[PDB]
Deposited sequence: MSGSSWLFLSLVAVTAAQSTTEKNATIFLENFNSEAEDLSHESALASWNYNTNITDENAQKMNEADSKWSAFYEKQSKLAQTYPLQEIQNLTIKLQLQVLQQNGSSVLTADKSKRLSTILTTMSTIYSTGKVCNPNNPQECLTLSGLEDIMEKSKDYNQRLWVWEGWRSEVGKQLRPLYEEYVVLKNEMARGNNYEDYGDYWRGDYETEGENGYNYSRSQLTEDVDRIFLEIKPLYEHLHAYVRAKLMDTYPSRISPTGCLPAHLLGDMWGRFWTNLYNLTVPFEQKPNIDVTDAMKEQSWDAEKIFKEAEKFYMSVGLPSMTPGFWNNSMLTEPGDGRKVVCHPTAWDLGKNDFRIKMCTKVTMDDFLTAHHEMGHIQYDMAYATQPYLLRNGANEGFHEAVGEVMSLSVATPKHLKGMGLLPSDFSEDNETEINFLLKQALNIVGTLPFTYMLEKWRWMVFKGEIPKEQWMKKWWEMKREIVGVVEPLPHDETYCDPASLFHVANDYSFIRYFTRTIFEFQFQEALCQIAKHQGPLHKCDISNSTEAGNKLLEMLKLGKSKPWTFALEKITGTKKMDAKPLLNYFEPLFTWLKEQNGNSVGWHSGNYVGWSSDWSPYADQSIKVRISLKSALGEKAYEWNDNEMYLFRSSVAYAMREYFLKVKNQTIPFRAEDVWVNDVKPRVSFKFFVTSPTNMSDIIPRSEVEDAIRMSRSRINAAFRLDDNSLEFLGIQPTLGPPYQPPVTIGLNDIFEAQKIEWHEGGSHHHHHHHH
């Protein structure tokens, strides 16, 4: 109650009153544009965003006159911290303007990237059509020119732009009293507390490192079962002891392994639960899909939807001629206004998406009595985690049987459960090593632990040892392979996908104990349990007004991240995988093998010597295939690949065919061609 605190209380009560009106106007304009895309609507949106930005910047300068050390109230103190953040205003006018130009260039380069075929120049592809190839194709050579093409055109442009991005972002972070831009990102988890509720920014690297080593035995057994299946699709392309080639993982980056299910399904004869035909035989519309989600939330004790939800949402794709981009989103406009934007088909996937989106609405409605600035999830991982927990319960055969969507005599066999749990692990367990390695890399780049002369060297060393994935061709420091991903080129933090998974299975396990479930976790349904929905609701009401470790303890009874709940959920699959791999499959990988290692020639001095060396090799190949093979093959210096370069001059190299990067010229023929032109080339060859 110091004069400062008394003064800060009057300041925060006037801001909250004015922000409710301006936020609603800004969000209403943004909704009108996204559901009805016209040029007239695109200017009303920008006018309202300008009004909010003018007001907020003026209020942040007023907030700087109340020192935080004089505020003893934690609710007052958390609101002032949000308003006092300086952001990019710590840089000069030129430096601030340069950083916004780099951010717009990098996202434009990514979204207009276009690759096409070395053997058919007239057909060229954008990212949408290249991703169809990576998710469906079983042709080794096709997946390789798509994988290498995306890196070679898009990734090589962003390398100069990313080096400037890193220097500018570190200057901004230091101007806000952080060590670097990675320290700045890790501040999303930092909290203060009195009795063990504090959490520092260095604690997040330690906790993420410790959880990763606990899930690695399960990831190693899934890696070994997937590797042995991939050896039948791609004979002689995969070592039984080594890493998995990066272009064969079912998408462009290897983030998710879900598109490998047709190749790895434990029991192909037994099909998976799909109820789309039952919804059509009972003539469900898209309204009834959302009426079933509302009945689910009311069965655990949560409120219904407001009257305006049904009148104002966009639950089907319009047929009045309006242009929209279909992507499911939940909207919290304020003033008791909640809307869902979704294009709903009568399928099982849209039935589960509706439950996920309505979970976000239920969280927003719970913390709507907090001050405006504290109206958020406890941290960046709690919101999505809550949505996922609700979707686990409604996808169970127990829940679907109770809805009439499964036959009344439906029985579940243990072979259908192994099919279900493998498909879950290709998503949830497959992506955890991927997410951890990318954040570990970015954090080390912002520190300076990796100099920019070793960016791609460290990227593929980490891929080989943490992920068990090897690059099909060697990439030097003219590439930037991390930046070819959307979240890296668009400046998005990525560790939220790690934490969300950990919190989702902690939440799930707590609620199934309160619901009194007997048996495995994956069969648990919390529907019709008002004691489970009341325990969930006490965490949801808090918003961002408490430490996230306090909101975690409210529901789970512990203050710490914990991976044992995740390992309990996947325990029936872990038992089956050890019988499969136990002559079975070797478990683990070697970071020595590569798809190109056995054909390399070791040569035992700046970069202009390389370009001359590769042309000497390229000429020697071209003459050998004419004077011995009687063929005219236009080998170039781009068909000579230099790898494994030491400071002392010692490197390796191999030659590929000018049109077919899958075809590596045998080490025997390359040696003979060098011997023929040994005079003109001149250099010890090992």
message = Checking coverage: what stretches of the deposited chain sequence are missing C-alpha positions?
response = 1-17, 600-605, 628-640, 719-727, 732-773
